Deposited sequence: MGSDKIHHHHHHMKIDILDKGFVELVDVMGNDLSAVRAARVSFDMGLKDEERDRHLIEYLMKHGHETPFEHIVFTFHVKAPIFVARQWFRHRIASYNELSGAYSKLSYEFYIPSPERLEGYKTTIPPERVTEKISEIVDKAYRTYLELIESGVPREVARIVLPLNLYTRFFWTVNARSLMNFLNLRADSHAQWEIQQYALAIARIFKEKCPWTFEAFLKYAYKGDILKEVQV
């Protein structure tokens, strides 16, 4: 499963340990369908969250640095990110669509906003390449690159922390760009743990956007 986000971003599922029944086994402390689904709803509605820690996902995410900086604030998880030190990278940037400013009253037309952003990233990127060409080390030259540069990372996270992420990021108080990523994460979560996801929405989910879409 892969879902494209923004103009060049994505979220894709790399691996998963378990399914809804992994939470059921942990709660019962037993290795050996209505009953089980009812236990999931019961745990969720009574705040018994620790069984959900035994379901784990690994995602591969392509996102602009400003979005990754917000994302990497979630400390109960594991991350590995691309570094120019290890690997030569592709350099792509998030250019908002004009519809991103819809609902805002700007004195510049939205399409011109889009153009001004593309222009400044083109100039920044070209300054970077000239510095590289002239023998400036990469770790110094790259400091002129803008916050909308795309990066990629692996993210390994258990369902309990993932639910916290959805509470905070699949919510209208979160910035629009990361909301879009959170929606893709939720869609994958729902696919792999349908019972847990339905119970979370019904009983524990604190945000607004997953109830309207």
Requested in this report: Compare the deposited sequence with the modelled residues and state the ranges that are missing C-alpha positions.
Outcome: 1-12, 45-49, 231-232
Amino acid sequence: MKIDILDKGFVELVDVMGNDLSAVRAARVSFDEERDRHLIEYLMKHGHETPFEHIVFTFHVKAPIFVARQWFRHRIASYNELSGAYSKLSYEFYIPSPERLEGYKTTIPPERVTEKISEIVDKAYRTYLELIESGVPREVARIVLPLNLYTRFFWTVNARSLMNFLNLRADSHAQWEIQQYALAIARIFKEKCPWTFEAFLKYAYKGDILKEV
From here on, numbers count along this sequence of modelled residues.
Query raised in the report: Which has the higher mean CA temperature factor in the PDB entry, 66-74 or 35-43?
Result: 35-43
Report summary line: Looking only at C-alpha temperature factors in the entry, 148-156 or 23-31, the higher average sits in 23-31
Query raised in the report: Against its chain's modelled residues, does residue 128's Cα B factor rank lowest, middle or highest third?
Result: middle
Requested in this report: For residue 169, return the chain-relative third of its C-alpha B-factor as stated in the PDB record: lowest, middle or highest.
Outcome: lowest
Query raised in the report: Against its chain's modelled residues, does residue 80's Cα B factor rank lowest, middle or highest third?
Result: lowest
Report summary line: Binned into thirds over the chain's modelled residues, the C-alpha B-factor of residue 203 lands in the highest
Query raised in the report: Among the modelled residues of its chain, does the C-alpha B-factor of residue 48 lie in the lowest, middle or highest third?
Result: highest
